[PDB]
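Each remark here refers to the structure printed beneath this line.
What follows draws every value from the coordinates through simple rules; no lab data is involved. Here the Cβ is made from the backbone with ideal geometry for all residues, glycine too, and neighbour counts use every protein chain on show.
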DNA sequence: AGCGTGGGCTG
DNA sequence: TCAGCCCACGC
Ligand SMILES: [Zn+2]
Ligand SMILES: [Zn+2]
Ligand SMILES: [Zn+2]
C-alpha cells in the first residue's frame, strides 16, 4: 500500500495510483457517466453499462444448466449454485 | 430476483 | 488515465 487516502475522515490504502484516484470519487461525489435513457449519473463506466441493460433487457449470460439469462456475470454465478441445492 | 457500487487487477 | 472484467456485499 504505497498510496493512502488524504481525506482525514477515511482510513483507506491502495496498491496503485489509478485506484486511489477512482476511490477519491467516493468523497468528491463525482459521477462522470450518464445514462441517456433515464439520465441517472454513475461513478463508473462499467456500472453504467450494466445499468443500461435494465432498460434494454439485454441478458448476455446464460446458465450452463438451465439456460436462464442474466444481465451480469455475477447474477448468473449466484444463480448457477441453486442447481446443487 | 434486480441491481447499486467499491476493490483488485488486467490491458 | 481510462476501459472493462471479476468479485463481493448490500438492500
Ligand atoms: Zn477515502
Ligand atoms: Zn438509465
Ligand atoms: Zn440455471
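Working from Cα pairs under 8 Å separated by at least six residues, relative contact order for chain A is 14 percent.
Note that chain A carries a Kirkwood radius of 15.6 Å, evaluated over its alpha carbons pair by pair.
The angle between the Cα long axis of helix A:45-56 and the longest principal axis of the Cα atoms of chain A comes to about 30 degrees, rounded to the nearest 10. Across q = 0.13, 0.15, 0.19, 0.21 Å⁻¹, region A:1-51 modelled as identical point scatterers on its alpha-carbon atoms has Debye log10 I(q)/I(0) values of -0.38, -0.49, -0.68, -0.76, in the order of the q list.
Using the average count of surrounding beta-carbon atoms within 10 Å as a protection proxy, the listed peptides A:48-56, A:24-32 rank, highest first, as A:48-56, A:24-32.
Among A:19, A:8, the order by Cβ neighbours within 10 angstrom, fewest to most, reads A:8, A:19.
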